[PDB]
Amino acid sequence: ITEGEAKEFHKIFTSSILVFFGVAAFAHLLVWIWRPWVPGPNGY
Amino acid sequence: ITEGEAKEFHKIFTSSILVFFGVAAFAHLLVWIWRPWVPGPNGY
Amino acid sequence: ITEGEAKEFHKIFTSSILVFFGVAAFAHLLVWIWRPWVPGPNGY
Amino acid sequence: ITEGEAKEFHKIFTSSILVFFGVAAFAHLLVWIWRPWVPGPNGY
Amino acid sequence: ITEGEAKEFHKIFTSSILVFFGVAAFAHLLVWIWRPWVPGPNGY
Amino acid sequence: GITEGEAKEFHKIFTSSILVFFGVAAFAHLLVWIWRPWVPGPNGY
Amino acid sequence: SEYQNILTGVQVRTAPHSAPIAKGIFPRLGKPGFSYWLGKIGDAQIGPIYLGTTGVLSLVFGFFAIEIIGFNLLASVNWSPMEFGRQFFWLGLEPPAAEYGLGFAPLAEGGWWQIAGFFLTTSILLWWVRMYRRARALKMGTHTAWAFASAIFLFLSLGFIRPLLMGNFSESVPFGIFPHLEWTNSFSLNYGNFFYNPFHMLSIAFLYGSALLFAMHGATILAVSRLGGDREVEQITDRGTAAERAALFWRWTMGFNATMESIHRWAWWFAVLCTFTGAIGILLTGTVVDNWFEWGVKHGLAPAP
Amino acid sequence: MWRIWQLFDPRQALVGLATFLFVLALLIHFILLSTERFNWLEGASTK
Amino acid sequence: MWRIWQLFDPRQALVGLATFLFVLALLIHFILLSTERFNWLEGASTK
Amino acid sequence: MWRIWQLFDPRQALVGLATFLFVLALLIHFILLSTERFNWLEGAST
Amino acid sequence: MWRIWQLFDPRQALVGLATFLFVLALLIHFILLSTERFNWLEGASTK
Amino acid sequence: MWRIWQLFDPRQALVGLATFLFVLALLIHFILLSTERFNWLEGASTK
Amino acid sequence: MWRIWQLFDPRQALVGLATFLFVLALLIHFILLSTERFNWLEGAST
Amino acid sequence: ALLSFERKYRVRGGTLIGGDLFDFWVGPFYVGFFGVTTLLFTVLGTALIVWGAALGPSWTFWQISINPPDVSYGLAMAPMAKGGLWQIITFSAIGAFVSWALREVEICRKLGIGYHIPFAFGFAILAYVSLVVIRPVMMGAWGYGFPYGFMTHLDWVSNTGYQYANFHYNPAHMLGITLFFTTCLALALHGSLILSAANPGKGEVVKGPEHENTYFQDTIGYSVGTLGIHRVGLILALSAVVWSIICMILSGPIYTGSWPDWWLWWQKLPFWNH
Amino acid sequence: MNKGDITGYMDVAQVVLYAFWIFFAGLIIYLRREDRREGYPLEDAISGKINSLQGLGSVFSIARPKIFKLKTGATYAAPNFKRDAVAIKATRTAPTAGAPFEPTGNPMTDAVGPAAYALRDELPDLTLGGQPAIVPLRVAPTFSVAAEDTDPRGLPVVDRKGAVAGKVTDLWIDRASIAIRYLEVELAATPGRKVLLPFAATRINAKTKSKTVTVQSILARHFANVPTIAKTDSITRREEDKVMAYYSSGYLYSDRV
Ligand SMILES: CCCCCCCCCCCCCC(=O)OC[C@H](COP(=O)(O)OCC(O)COP(=O)(O)OC[C@@H](COC(=O)CCCCCCCCCCCCC)OC(=O)CCCCCCCCCCCCC)OC(=O)CCCCCCCCCCCCC
Ligand code: 07D
Ligand code: 07D
Ligand code: 07D
Ligand SMILES: CC[C@H]1c2cc3[nH]c4c(c3C)C(=O)[C@H](C(=O)OC)c4c3nc(cc4[nH]c(cc(n2)[C@@H]1C)c(C(C)=O)c4C)[C@@H](C)[C@@H]3CCC(=O)OC/C=C(\C)CCC[C@H](C)CCC[C@H](C)CCCC(C)C
Ligand SMILES: CC[C@H]1c2cc3[nH]c4c(c3C)C(=O)[C@H](C(=O)OC)c4c3nc(cc4[nH]c(cc(n2)[C@@H]1C)c(C(C)=O)c4C)[C@@H](C)[C@@H]3CCC(=O)OC/C=C(\C)CCC[C@H](C)CCC[C@H](C)CCCC(C)C
Ligand SMILES: COC1=C(OC)C(=O)C(C/C=C(\C)CC/C=C(\C)CC/C=C(\C)CC/C=C(\C)CC/C=C(\C)CC/C=C(\C)CC/C=C(\C)CC/C=C(\C)CC/C=C(\C)CCC=C(C)C)=C(C)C1=O
Ligand SMILES: COC1=C(OC)C(=O)C(C/C=C(\C)CC/C=C(\C)CC/C=C(\C)CC/C=C(\C)CC/C=C(\C)CC/C=C(\C)CC/C=C(\C)CC/C=C(\C)CC/C=C(\C)CCC=C(C)C)=C(C)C1=O
Ligand SMILES: CCCCCCCC/C=C/CCCCCCCC(=O)O[C@H](COC(=O)CCCCCCCCCCCCCCC)COP(=O)(O)OC[C@@H](O)CO
Ligand SMILES: COC(C)(C)C/C=C/C(C)=C/C=C/C(C)=C/C=C/C(C)=C/C=C\C=C(C)\C=C\C=C(C)\C=C\C=C(C)\C=C\CC(C)(C)OC
Ligand SMILES: [Cl-]
Ligand SMILES: [Fe+3]
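Residues numbered from 1 in each chain as written, not as in the entry; some residues may be left out. Chains lettered and ligands numbered in written order. Part of a larger assembly, values for the part shown. Heavy atoms only, no water.

Method-wise, the PDB entry is recorded as coming from cryo-EM, at a reported resolution of 2.5 Å.

What follows is the structure, encoded as structure tokens:
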């Protein structure tokens, strides 16, 4: 792999990983609003 | 692998491991605040 | 390995093994303070 | 291995084995003081 | 193997068996003092 | 594969060794007999 | 005594080499080694292995399954390494009880067994695709994958397809050494002695026949090995005296014979039919025959009790 | 960070990564279905 | 210390390390799920 | 004692030693988890 | 006794000896953990 | 009897002899641990 | 009778004897341990 | 009739006994003196089986069963109606199988090939002889042999296995099973590889040893090669039989208890016997 | 209970079992067809005319020729229907079809019985690279004997009666299968004559310091009659068959000839 095409792959990789983490973060937020998954002292 | 390549890798590696340990330390702190994992004499 | 590299590796090896044993000794002391592991005649 | 190379290794081996036996002998003494392992006629 | 070399090994071998059997005989003596292993007519 | 005097040499050491081995064994059997003999009488042991 | 050709006395070495395949995402992994004792029985080369996307997939799914099993086994002895070793053969991971049906059970009550079973199943099916695609890459026939499909058919029948027909996993197989033996014992007793299942009888005949055929064929090729008989595909494409005398030994012994190619079809079919008839015998049990001895009494295998 | 793609083949990376992430995602969904609280299809109550 | 990258190939190191750390992490999360106190999905009380 | 690195390859040494120390450490933590007194996750009383 | 290093390679001797002594030590500690008297982690009394 | 070393390689002989003597010693200690009278770790009474 | 060592290889004779005699000796000690009268470790009464 | 290449091999000689008198073919079959004695024992034993079927309660083939004498006879010869029939059939069967092996030797001699096949068949004979002679002799009664009957020999297997609580726990039986499963696996792989090399697919040329080795290197990282696989496949089958024989000589002649209880030695090992 | 029933007596498991028997009979027919791709049709033993006892299954008995495509671009058909000549250098001991043949002359040179061979191609087996597979180590410099083993070269070659036939001068190795296939022996008599010896017809005896290649198959006088090969560095499949058959005949004929 050349430096030129390494740097282009890195750009697309950086964009796609951040979008993947962004969608996953929103999915976790919706699930938390539905049912949180850290129990209190007395449990759920 | 040259000294320059080794030191280039080493500084990026040093950065990545310190990030990983920083996030892990943050995770351990939050879990401890939720439920500590060293029991007292009378247990939990 | 050459004498010079054997001597060199021994320096960094000596530093790191002493760090490893030092951290372990600290870990053992904390665990002993929490719960010692040599029982008396009546047990624990 | 030359004669002198054998004699040199034998020196380092001899100190290493005596140190190993010296630590082990002290460990056995401490364990004996804690709980001896030769039972009398009445057992333990 | 030449005669002198075979005789040299035999000298050290002879010394080693005497040490090994000497230590073992001392071990058996101590074990006999603790609990002998030839039972009398009534057994143990 | 071995010569006459070489077979005789081995035979000499073998003859010594086997007599030593049997001598120790005979001593061992004598001690065991004194402890508990292994030929039962007519009434058994 | 003549040379019996059981072990290679003098063995040769050369630069390790292998047949070319098209470039993939992954090269052939590892540095080829040689071992002396494998070179006495067979070829000495501990060669490289191909990975590929399907190899990655199969190993990842399979590793997860093996971890889920292994972690559950160690958890069942409360993490003790001494009791793990003491109890190892007796430890197992059990399927869910029948009240869960085919839905997800709770993790501790067989949910982990369901996950491990699914991941193991997926890994095995991916390994089938591997065995298939490595043959096509070498421009070879797919016979090995289709033989493997028969073994998989029994494995799936035991673990999943019969549970699907029964509507629950309770009589599926536990992951554990003595536990899967105990399952085998109890399954026979609950359905009235598997000796009276005719498809188990067929499966045994092909199991015995496989050992018969490999004893016959292995001894045959070694008997003609001083005539070049171990070079079987060459003998298939230009019949030598080795293939002629192998044929005539059996013709003169038992009145009939194979060819150098067709004996490998007899071999292929016997080993396949062992597990295929096995799978059918499992799928009929409890679904349409509830007691095989009683079926045997009906169909004349035994006198009325 | 981009130097990683001269150290590793981007195709081998993406295949390994996609394999890992699918198997992990599938494991997590099956784990949640194996629970009372988070099995959304069975839908037990928050008692 | 940087000489370790002369001693070991990073292409082998990072894959071995990534595999090792995942298996360790998976083991620890599984151990916690086996406990009462730390099984977050089951959510037992601390009475 | 530094001559041990003339006797053995540091690359093989560190891989063997790292493997050995991890397996030993993991064994000891599993042993303690199986005890009553030292299972920190269950936390039995003294 | 130094002539034993004319008989044996020091590299082979040390690796074999390290393996032997570790397995022996591990065996002895596991034997003691199987006893009531010497299992230090469970600490039964000397009645 | 030094002629034994003209029959047998002392290196091979010592390795075999050490292996034999270890296995024999290990057998005898395991035998004694099986007895009531000589199991020093359990230490039954000489009633 | 020394001619027997021209007939048989002395090195095979000694290795054969040592193997045979150890296995025979070990058999006889285990036979005695299987008896009440001669099991010296259990030491039953006469 | 003859195969297109057969005539040049049908030479005189190679008999072990009887000379020229028996050295001829009946159609495809070679005769020889051990052919004649094969037929002698075969007809006798078969007709005695059919006689036992006529004596017994049913002609239903599955149910026919010729039974060994009652264990009360010990190793004495029983009356014909009371188990002696099974004893005659047994030794006739031994005669037939031994004759079959020696006839194969004569065929090997005539063809200039090695004796691997009758040698390998000698392990089949030894397994049969173990079950009907050696084990019942060591157990002191012919009545421990298996009955000659389609279902009743399976009933004997069932009864014999459960006599030791659970036969799956016999360690030699586990190893025998492992080798039988491994044999069938190896046969499936071996049949498949030769067929895949000889039948690469339409428009493809026949593949050779390099491809054959490369397939198992690619899939599993090792190839035993074309000579090694026949050595392995033979050794696996013969070892499976040897361990089967051992598992049965253990069960009854030597070990008489529960096989599940035998394994309790493992849990009592001092390094984990808590 | 009605669970499995197809009729009063008939049930699913029984039906499925007969479906297997129908399949298995069809499979045996297929397998027997494949068995008949070499050697068939059968011939009368005396006249060699195409004759055998046959039923109506004769019509399915022999398959249509399959064509193997070889990497040289040649082909092999199976069945090819080629058959051996009816005449051989032997005659029957009695006029019946089942009688054995007695060799007319020296059977080892006449190539009858265990000396007989197949008329294979006058072509060498090839590596995947298209080079001849079986060649002397002289021509395969990348090959070697593994350092753990005895190299056969320079050892005497000895028969079962202790006569020296010659000395080993080369190994012929199979480049495709990576094994020794022959030893090249220079004869003690007519020195400079070289013959191939199949390696599986030998073992190395090393109980005495001057270790030797022992040959059980033939005696020292028979080595002079071992079949010759046309090229000094390659061997055709036919030459391989001819040489290997000759040694395989020794166990029957070497104390006759
Ligand atoms: C006296 C003691 C007698 C003990 C029991 C013996 C049973 C078997 C009978 C053995 C003797 C048969 C003799 C024979 O057929 O000779 C024909 C030949 C004239 O023939 P030809 O002119 O040369 O032409 C013949 C040729 O055209 C036929 O075609 P091809 O050459 O392609 O095939 C040859 C036949 C020959 O077969 C046999 O000889 C018998 C084969 C063995 C049968 C075993 C059956 C029982 C086992 C289980 C079966 C199972 C079937 C499915 O090849 C075949 O037919 C082979 C078929 C193989 C199928 C294998 C299936 C394996 C499945 C295993 C089980 C799996 C279970 C899941 O004869 C002559 O030349 C004239 C002189 C001889 C006259 C013979 C008169 C009849 C003799 C009968 C003997 C008494 C029988 C009770
Ligand atoms: C199906 C179309 C056609 C049809 C007219 C026909 C009929 C009959 N054939 Mg046949 N067969 C046909 C074709 C064909 N055939 C054979 C062979 C054989 C051999 C050995 C194979 C065997 O195990 O058969 C298995 C079954 C198969 C292959 C199906 C046909 C046979 C049946 C249903 C009869 C089974 C019933 C019996 C009581 C047992 C018979 C005796 C023995 C097996 C030893 C054996 C003696 C045999 C018997 C008979 C009989 C009794 C009949 C009757 C009742 O009409 N057949 C094979 C062989 O090697 O022949 C030398 C072979 O190549 C081949 C071919 C292509
Ligand atoms: C009290 C016990 C009772 C008693 C009466 C009796 C006795 C005998 N029986 Mg049986 N058996 C009993 C019960 C019973 N019996 C069987 C089966 C058979 C077949 C198996 C064929 C095979 O290849 O299996 C073996 C092949 C399998 C299971 C399928 C292939 C395996 C695969 C794909 C798995 C691949 C593995 C990995 C990728 C690794 C993953 C790692 C991890 C999980 C950690 C075989 C022929 C056979 C033989 C005999 C004999 C010789 C006897 C004697 C002499 O008594 N028995 C199975 C079956 O097919 O039944 C129809 C089955 O289910 C079942 C049951 C429940
Ligand atoms: C409740 C039952 C219990 C249950 C738990 C269980 C289960 C299983 N077990 Mg088992 N078994 C049990 C009991 C039990 N078990 C065995 C044996 C085995 C062996 C068999 C193969 C063998 O031995 O071939 C030994 C081979 C012989 C005896 C060779 C016989 C053949 C010869 C000489 C030639 C005969 C030729 C003619 C007559 C010619 C006829 C004419 C013409 C064809 C024309 C094998 C390893 C094995 C397999 C499994 C499996 C796979 C399972 C599964 C999946 O559960 N078992 C037998 C043995 O070892 O015998 C030496 C033995 O006696 C015995 C007993 C009593
Ligand atoms: C026709 C019937 C017979 C049969 C046939 C048969 N079996 C077969 C085949 C055939 C024809 C194959 O092609 C196939 C094979 O590959 O053979 C070599 C196979 C096979 N038969 C097998 C077993 C088997 N066969 C058996 C039986 C039989 N096989 C029958 C007798 C039996 C038994 C019980 O009798 C067993 C146990 C396998 C050896 C093999 C199929 C292998 C397979 O599917 O593997 C899937 C993958 C795994 C189990 C996972 C392994 C994971 C590793 C631990 C990963 C380590 C490295 C990794 C990089 C780590 C990654 C970690 C990260 C993810 C964190
Ligand atoms: C040792 C490894 C395996 C093996 C090998 C093997 N078997 C062989 C050979 C080899 C190498 C042969 O060369 C030989 C052969 O010719 O094969 C075609 C043979 C053979 N293996 C056979 C069968 C066979 N092998 C079996 C097993 C095995 N054989 C092992 C797994 C089994 C099993 C396990 O069930 C069977 C049934 C035959 C096909 C054949 C031997 C043929 C023979 O001996 O013919 C002459 C004898 C007769 C024609 C009949 C004699 C009849 C007797 C007078 C009466 C017998 C009654 C019997 C005691 C009871 C029957 C009742 C049953 C319900 C129990
Ligand atoms: C390199 O690849 C190889 C091949 O090749 C290229 C092969 O092929 C094979 C072989 C394998 C296969 C072909 C695959 C199929 C095989 C199996 C699945 C294995 C199982 C086998 C069977 C089911 C077949 C079983 C059949 C058998 C055992 C034969 C039964 C036959 C007889 C008992 C008759 C024997 C005949 C004799 C002894 C002499 C001749 C007699 C007769 C023809 C009939 C009877 C006699 C007369 C009529 C007259 C004479 C009588 C006399 C003198 C006596 C009279 C007195 C009396 C009392 C009778 C292999 C291994 C191989 O690796
Ligand atoms: C023309 O010619 C041909 C060749 O050449 C061209 C060939 O080459 C081959 C191919 C054949 C071979 C290379 C050898 C065949 C030999 C055998 C079948 C007999 C011995 C068994 C094996 C070699 C094992 C076969 C299976 C393999 C290699 C695994 C395949 C699968 C994977 C690599 C992935 C998944 C599986 C893994 C990682 C491991 C599977 C497990 C094992 C191999 C067993 C490990 C052991 C245990 C779990 C322990 C069990 C025992 C216990 C607990 C108690 C006793 C203790 C022990 C330690 C044993 C053929 C067929 C051929 O036609
Ligand atoms: C028409 C008027 C009459 C005039 C004509 C009279 C004269 C002519 C008669 C010939 C028949 C007799 C010879 C039979 C053998 C002839 C050859 C033969 O194999 O024939 C088959 C029947 O075989 C056979 O039954 C051979 C059978 C041999 C074994 C017999 C055993 C019987 C005893 C045990 C029984 C119980 C067992 C236990 C059961 C549970 C039928 O053909 P089929 O195409 O399939 O062949 C295959 C071939 O064509 C493929 O190339
Ligand atoms: C990391 O270090 C190591 C590797 C040492 C960790 C330790 C590992 C160990 C020691 C592992 C030990 C494993 C053992 C002893 C395994 C024994 C396994 C045996 C003997 C298994 C035998 C048979 C099992 C069978 C046939 C099971 C088949 C199950 C199947 C096919 C199940 C399929 C389930 C499906 C498809 C589920 C579907 C339902 C879904 C998931 C869709 O909904 C609930
Ligand atoms: Cl051999
Ligand atoms: Fe083959």
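### Side note on the overall build of chain J
The line we're drawing: Put simply, DSSP marks the helices as runs of H or I at least four residues long and the strands as runs of E at least two long, and each gets a number from the N terminus on. Exposure is judged per residue with a 1.4 Å probe applied to protein chains only, and the accessible area is read against the type maximum: over 50% gives exposed, under 20% gives buried, and values in between give partly exposed. Surface accessibility follows the Shrake-Rupley procedure with a 1.4 Å probe radius. Residue values consider only the protein chains on display as shielding.
From N to C terminus, chain J includes 2 helices and 0 strands. Seen through its principal axes, chain J has C-alpha atoms that stretch 50 × 20 × 10 Å. Residues classed as buried in chain J amount to 30% of the 46 residues present. Element-wise, carbon and sulfur atoms account for 68% of the exposed surface of chain J, whose accessible area totals about 2,600 Å².

### Focus on the environment of N:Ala198
Our working definition: Whether two residues touch is decided by their heavy atoms; if any such pair falls within 4.5 Å, the residues are in contact.
Relative to the elements of secondary structure, N:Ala198 occurs in helix 5 (residues 171-198). For N:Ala198, a relative accessible area of 3% translates into the label buried. Considering only alpha carbons, one finds N:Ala198 and N:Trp265, 67 residues apart in sequence, at a separation of 52 Å. Discounting residues that sit within four places of it in the chain, N:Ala198 has contacts with G:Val233, G:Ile236, G:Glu261, N:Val206 and O:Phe68.

### Observations concerning the site of ligand 6
Applicable threshold: Any residue with a heavy atom positioned within 4 Å of a molecule or strand is treated as near that molecule or strand. As used in this structure description, the phrase polar contact means that two N or O atoms lie within 3.5 Å; if the pair is within protein, one of them must be able to donate a hydrogen and the other to accept it, and residues adjacent in sequence are counted only when both atoms belong to side chains. Residue polarity is assigned by list, with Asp, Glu, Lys and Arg as charged and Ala, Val, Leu, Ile, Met, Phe, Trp, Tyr, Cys and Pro as nonpolar; anything else, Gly included, falls into the polar class.
Not every one of the 29 residues close to ligand 6 is listed here, only the nearest: G:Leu212, N:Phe41, N:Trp100, N:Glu104 and N:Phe121. Looking at the residues close to ligand 6, they fall on chains G and N. Within the contact set of ligand 6, an oxygen atom lies 2.9 Å away from a side-chain nitrogen or oxygen of N:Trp100. Separating an oxygen atom of ligand 6 from a side-chain N or O atom of N:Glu104 is a distance of 2.9 Å. Considering ligand 6 on its own, with 1,300 Å² of exposed area, one finds that the protein chains cover 71% of that surface. At the level of elements, helix 7 (198-223) and helix 9 (241-254) of chain G together with helix 1 (33-55), helix 2 (84-111) and helix 3 (116-138) of chain N are the ones that each hand at least two residues to the shell around ligand 6. A class-by-class count of the residues in the shell around ligand 6 yields 23 nonpolar, 5 polar and 1 charged.

### Digging into the arrangement of the chains
Ranked by contact count, the leading pair among the 35 pairs of chains in contact consists of chains G and N. A gap remains between chain B and chain D, which never touch, and the nearest two C-alpha atoms on either side lie 24 Å apart. Spatially, chain C is disjoint from chain F: no contact exists, and the shortest C-alpha separation is 42 Å.

### A short note on the coordination of the magnesium atom of ligand 4
The condition that has to hold: The donor set covers N, O and S atoms within 2.8 Å of the metal, switching to 3.2 Å for Na, K and Ca, and it leaves out water, so a site may look short of donors.
Donor atoms from the protein around the magnesium atom of ligand 4 number only one, N:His173 (NE2), found at 1.9 Å. Mapped onto the elements, N:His173 comes out in helix 5.

### Side note on the coordination of the iron ion (ligand 12)
For the iron ion (ligand 12), the protein coordination sphere consists of G:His217 (NE2), G:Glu232 (OE), G:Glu232 (OE), G:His264 (NE2), N:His190 (NE2) and N:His230 (NE2), at 2.1 to 2.3 Å. The class for N:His190 is buried, based on a relative accessible area of 5%.

### Quick look at the pairing of strand 8 (residues 164-174) of chain O
All names here are of chain O. Note the following rule: Pairing between strands is defined by DSSP: at least two bridges between them are needed.
Within strand 8, 8 of the 11 residues are buried, which leaves the element mostly enclosed by the surrounding structure. Two elements, strand 5 (residues 134-136) and strand 8, share 3 bridges in a ladder whose sense is antiparallel. If you follow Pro136 over to strand 8, its bridge partner there is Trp172. Sheet analysis places strand 7 (residues 156-159) next to strand 8, joined by 3 bridges and oriented antiparallel. Residue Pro156 lies in a different strand from strand 8, and its bridge partner there is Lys167. In textbook terms, the turn of a hairpin is the stretch between consecutive antiparallel strands, and for strand 8 and strand 9 (residues 179-187) this stretch comprises 4 residues, one of which, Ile178, has a positive phi near 60°.

### A few points about the interface of chain N and chain G
The condition that has to hold: Think of a salt bridge as a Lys or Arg side-chain nitrogen and an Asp or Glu carboxyl oxygen that are within 4 Å of each other.
At the interface, 91 residues of chain N touch 101 residues of chain G. Where chain N packs against chain G, one counts 2 salt bridges. One salt bridge connects G:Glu244 with N:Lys8, and the closest N-O pair in it is separated by 3.2 Å. Inspection of the region where chain N meets chain G yields 42 residue pairs in polar contact. At the level of secondary structure, the elements contributing two or more residues to the side of chain N that touches chain G comprise strand 2 (29-30), helix 2, helix 3, helix 4 (152-162), helix 5, helix 6 (209-220), helix 7 (225-250) and helix 9 (264-267) of chain N. At 18 residues, helix 5 of chain N tops the list of elements feeding residues into the side of chain N that touches chain G. When its residues are assigned to classes, the side of chain N that touches chain G shows 50 nonpolar, 28 polar and 13 charged.

### Considerations on the state of the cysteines
Filter applied, for reference: For this text, the term disulfide refers to a pair of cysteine sulfurs within 2.5 Å.
All told, the structure shown has 0 disulfides over all chains when counted by the stated rule. Not part of a disulfide, G:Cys274 finds its nearest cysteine sulfur in N:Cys184, a span of 4.5 Å. A disulfide-free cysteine, N:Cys247 has its sulfur positioned 18 Å from the sulfur of G:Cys274, the nearest such atom. Judged by its relative accessible area of 4%, N:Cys247 falls in the buried class.

### Remarks on the site of ligand 5
Lining the immediate environment of ligand 5, one finds 24 residues, of which G:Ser123, G:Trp127, G:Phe148, N:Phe181 and N:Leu185 sit closest. Positioned at a junction of chains, ligand 5 has nearby residues supplied by chains G, I and N. One nitrogen or oxygen atom from the side chain of G:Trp127 is found 2.9 Å from an oxygen atom belonging to ligand 5. Compared with its free state, where it exposes 1,300 Å², ligand 5 has 65% of that area covered by protein. At the level of elements, helix 2 (52-76), helix 4 (111-137), helix 5 (143-166) and helix 10 (262-284) of chain G, helix 2 (10-34) of chain I together with helix 5 of chain N are the ones that each hand at least two residues to the shell around ligand 5. Residues of the shell around ligand 5, tallied by class, amount to 18 nonpolar, 6 polar and no charged.

### Comments concerning the packing of helix 2 of chain N against helix 3 of chain N
Residue and element names in this part refer to chain N. Going by this rule: Helix axes are fitted to C-alpha atoms over the stretch in contact, other axes to C-alpha atoms as well, and angles between N-to-C directions run from 0 to 180 degrees. Just so you know how the angles are binned, under 35 degrees is roughly parallel, over 145 roughly antiparallel, 65 to 115 roughly perpendicular, and the rest oblique.
One can describe the packing of helix 2 onto helix 3 by two numbers: an axis separation of 9 Å at closest approach and a directional angle of 170°. When the interaxial angle is binned, helix 2 and helix 3 end up roughly antiparallel. Contact residues: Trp86, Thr90, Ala93, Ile94, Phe97, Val98, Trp100, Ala101, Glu104, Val105 and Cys108 in helix 2; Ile117, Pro118, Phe121, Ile125, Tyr128, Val129, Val132 and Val133 in helix 3. Residues that form the contact of helix 2 with helix 3 fall into these classes: 17 nonpolar, 1 polar and 1 charged.

### Examining the packing of helix 5 of chain G against helix 5 of chain N
The description of two packed helices rests on the angle between their axes and on the distance between the axes. Selection rule: Left-handed describes a crossing in which the near helix is turned anticlockwise from the far one by less than a right angle; the clockwise case is right-handed.
Packing of helix 5 of chain G against helix 5 of chain N leaves a shortest axis separation of 8 Å and a crossing angle of 150°. Put simply, helix 5 of chain G runs roughly antiparallel to helix 5 of chain N. Helix 5 of chain N is crossed by helix 5 of chain G, and the crossing has right-handed handedness. Residues G:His143, G:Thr144 and G:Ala147 of helix 5 of chain G lie in contact with helix 5 of chain N, whose contacting residues are N:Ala188, N:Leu189, N:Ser192, N:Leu193, N:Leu195 and N:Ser196. Among the residues forming the contact of helix 5 of chain G with helix 5 of chain N, the class breakdown is 5 nonpolar, 4 polar and no charged.

### Looking at the UniProt feature "transmembrane region" (unreviewed entry) in chain J
The criterion, for reference: UniProt positions are given in the numbering used here, feature names are shortened, and annotations may be inferred rather than shown by experiment.
UniProt tags residues 12-32 of chain J as "transmembrane region" (unreviewed entry). Helix makes up 100% of residues 12-32 of chain J and strand 0%. Its end C-alpha atoms lie 31 Å apart.

### What to know about the nonpolar core
Here is the rule: Buried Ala, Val, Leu, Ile, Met, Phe, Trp, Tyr and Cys residues form a nonpolar core when they are joined through side-chain atoms within 4.5 Å.
Among the nonpolar cores identified, the biggest contains 125 residues, and G:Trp292, O:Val157, O:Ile173, O:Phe223 and O:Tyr247 are the most heavily contacted of them. Residue contributions to this core peak at 12 residues, all from helix 7 of chain G. Non-local contacts of O:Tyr247, meaning those with residues more than four positions away in its chain, are made with O:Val195, O:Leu196, O:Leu197, O:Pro198, O:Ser217, O:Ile218, O:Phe223 and O:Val226. In terms of nonpolar packing, the next biggest core, distinct from the first, is built from 43 residues, G:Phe26, G:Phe64, G:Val77 and G:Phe175 among them.

### Points about empty space enclosed by the protein
Definition in use: Every definition here rests on a 1 Å grid over the protein atoms only: cavities are sets of points where a 1.4 Å probe fits but cannot get out, pockets are open sets enclosed by protein on both sides within 12 Å along at least five of seven lines, and lining residues have some atom within 4 Å of a point. Grid points are joined across faces, edges and corners, and a volume is the space filled by probe spheres set on the points.
One pass over the full model with this rule turns up 4 cavities of 30 Å³ or more. Taken as a whole, the largest cavity holds about 580 Å³ of empty space. Around the largest cavity, the lining comprises 39 residues; the ones closest to its centre are N:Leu227, O:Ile178, O:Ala179, O:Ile180 and O:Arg181. Among the secondary structure elements, those contributing two or more residues to the lining of the largest cavity are strand 1 (12-13) and helix 1 (36-41) of chain G, helix 6 and helix 7 of chain N together with strand 9 and helix 4 (237-248) of chain O. Ranked by residues supplied to the lining of the largest cavity, first place goes to helix 7 of chain N with 5 residues. For the lining of the largest cavity, the class distribution of residues is 17 nonpolar, 14 polar and 8 charged. Along its surface, the second largest cavity is lined by 18 residues, and G:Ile236, G:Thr259, G:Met260, G:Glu261 and O:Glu38 are the ones closest to its centre.

### Re the pattern of salt bridges
What the rule picks out here adds up to 46 salt bridges over all chains. A salt bridge links N:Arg12 to O:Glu102, with the nearest nitrogen and oxygen atoms 3.0 Å apart. Here the residue N:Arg12 occupies a position in the segment before strand 1 (25-26), and O:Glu102 occupies one in strand 4 (residues 101-103), the pair thus bridging two chains. The partly exposed category is assigned to N:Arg12, whose relative accessible area is 34%.

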